[PDB]
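Numbering (the authors' numbering), first residue to last: 1 to 330. I have placed the structure first, in the form of structure tokens, so that the comments after it can refer back to it.
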Amino acid sequence: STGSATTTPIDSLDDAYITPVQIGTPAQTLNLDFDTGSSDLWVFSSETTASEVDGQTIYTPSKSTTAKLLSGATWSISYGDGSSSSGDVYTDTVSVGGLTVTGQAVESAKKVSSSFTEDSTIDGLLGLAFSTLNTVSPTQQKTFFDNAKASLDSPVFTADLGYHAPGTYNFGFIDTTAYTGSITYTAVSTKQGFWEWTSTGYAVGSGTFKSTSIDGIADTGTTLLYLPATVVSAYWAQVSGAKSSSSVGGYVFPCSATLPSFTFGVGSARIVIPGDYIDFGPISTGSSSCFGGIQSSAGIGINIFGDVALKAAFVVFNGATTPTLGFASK
Numbered sequence: 001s002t003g004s005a006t007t008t009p010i011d012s013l014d015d016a017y018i019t020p021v022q023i024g025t026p027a028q029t030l031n032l033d034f035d036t037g038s039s040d041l042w043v044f045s046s047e048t049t050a051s052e053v054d055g056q057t058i059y060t061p062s063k064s065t066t067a068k069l070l071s072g073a074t075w076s077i078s079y080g081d082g083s084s085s086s087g088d089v090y091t092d093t094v095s096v097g098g099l100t101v102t103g104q105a106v107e108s109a110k111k112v113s114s115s116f117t118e119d120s121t122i123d124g125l126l127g128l129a130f131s132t133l134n135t136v137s138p139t140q141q142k143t144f145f146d147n148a149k150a151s152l153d154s155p156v157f158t159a160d161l162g163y164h165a166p167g168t169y170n171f172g173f174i175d176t177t178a179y180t181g182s183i184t185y186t187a188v189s190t191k192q193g194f195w196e197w198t199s200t201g202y203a204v205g206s207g208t209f210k211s212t213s214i215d216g217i218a219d220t221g222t223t224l225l226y227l228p229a230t231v232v233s234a235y236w237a238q239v240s241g242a243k244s245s246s247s248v249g250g251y252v253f254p255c256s257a258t259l260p261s262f263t264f265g266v267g268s269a270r271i272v273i274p275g276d277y278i279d280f281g282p283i284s285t286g287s288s289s290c291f292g293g294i295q296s297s298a299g300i301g302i303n304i305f306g307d308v309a310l311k312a313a314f315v316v317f318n319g320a321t322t323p324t325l326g327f328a329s330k
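Here it is, written out as structure tokens:
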């Protein structure tokens, strides 16, 4: 089997991407944030505290003939941005882009933090990191990918995120029309439960490439590119008037600037992030200070190749017995 679904930016900045997902019988379609940095499929639901719902579409298990309470199971998750959610668990039929899994754990939120409530466009998350990170207790659950894997034509999914445009998540096949050149594969460590890999270095603009190992994660659920402070300082030093602002919470730059590109290495290959991808616009409405898309990881504990980086590539998440990542230009 295969599946193919379009993913759409939630706003004009590509802050996140939503992908429609069918849950239950008859189908209830929710728009989920596919997150290769986490392993829970959770939804706004009929159980969510009413004051914490503001415009989201909810899953109502009582209206699904295939829903079953997963008795005694609870979940609770905290993300890198400080957001959180928790609740109880149903199993139900879940389909993405024509690919169906029966018996998927659908984590029903009883509580969500303010950042979820305030984002009316995101009806929940679909985790695509390794199932060792799933938070369901006392019986850990598998991700949609892990449950689909044995049925897929190939044990892979691909992320093809757009810049200010829709893109695609494919399951079970690699669309050879969706990228240019060849795919470069690189090793993955699953020790922390992430799609963790090592970039071979970077360049700023037209500058020389610096060969240096940068361990980080491929995380579709993170907006920005978070790299070591040395790398990030070297990038923003090429932008007149850029500075790190402790009041704003990262590097800002004059909105009048033209940003340089940023290149990262994948083995001997190179992915180029155009400068425009690094512009996240005014820090507040009408400001002439703009927020940068490359920020320091120093306060996180891990480097994160988020959407700024991933949207510049066609990315293969190879879930074979030995997992690997692949990157191609597009």
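Positions of the beta carbon are idealized from the N, C-alpha and C atoms, including for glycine.
Looking at the DSSP output, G167 shares a beta bridge with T7. When secondary structure is reduced to three states using DSSP, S245 falls in the strand class. Under the three-state reduction of DSSP output, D14 falls in the coil class, being neither helix nor strand. Take the alpha-carbon of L70 and the one of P138: they are about 11 angstroms apart. For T66, the closest alpha carbon among the candidates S86, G72 and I23 is that of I23. For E118, the number of other beta carbons within 10 angstroms of its own is below 16, and it is reported as exposed. Note on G301: under 16 other CB atoms within 10 angstroms of its CB, so exposed under the neighbour-count rule.
By the C-beta criterion, the region 187-196 is judged not to be in contact with the region 240-260, since fewer than 3 inter-stretch pairs fall below 8 angstroms. In the three-state scheme derived from DSSP, where H, G and I count as helix and E and B as strand, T184 is classed as strand. The alpha-carbon of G249 is positioned some 10 angstroms away from that of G292.
DSSP places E52 in the helix class (H, G or I) of the three-state scheme. Counting only runs that start and end inside the region 63-145, the alpha helix (DSSP H) elements of at least 4 residues fall at 114-118. Per the coordinates, the alpha-carbon of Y79 lies some 30 angstroms from the alpha-carbon of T25.
The region 120-132 makes no contact with the region 263-274, as fewer than three CB pairs between them are under 8 angstroms.
Note that the C-beta distance between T93 and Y185 is not below 8 angstroms.
Distance check between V112 and each of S233, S85 and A50 places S85 closest, using alpha-carbon atoms only. Sorting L41, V101, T57 and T60 by C-alpha distance to the C-alpha of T74 places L41 at the top. In the structure shown, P20 falls within a strand segment according to DSSP collapsed to helix, strand and coil.
Going by beta carbons, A218 and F305 fall inside the 8 angstroms limit. Per DSSP, the beta-bridge partners of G216 are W197 and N303. Cβ neighbours of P61 within its own chain (closer than 6 angstroms, five residues either side excluded): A67 and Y90. In the DSSP assignment, the residues bridged to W42 are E107 and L125. At the C-beta level, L310 and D279 stay beyond 8 angstroms of one another. Burial is judged here by how many other beta carbons sit within 10 angstroms of a residue's own beta carbon; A165 has fewer than 16 and is exposed.
Contact annotation: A257 and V231 have beta-carbon atoms that are not nearer than 8 angstroms.
Membership of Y235 in the alpha helix (DSSP H) is indicated by the continuous run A229 to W236.
In the three-state scheme derived from DSSP, where H, G and I count as helix and E and B as strand, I278 is classed as helix. Look at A148 here: in three-state DSSP terms it is helix. Looking at the backbone, the Cα of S233 and that of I58 are separated by about 43 angstroms. The secondary-structure analysis by DSSP pairs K210 across a beta bridge with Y202. The shortest C-alpha to C-alpha distance from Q141 to any of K110, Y163, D215 and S39 is the one to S39.
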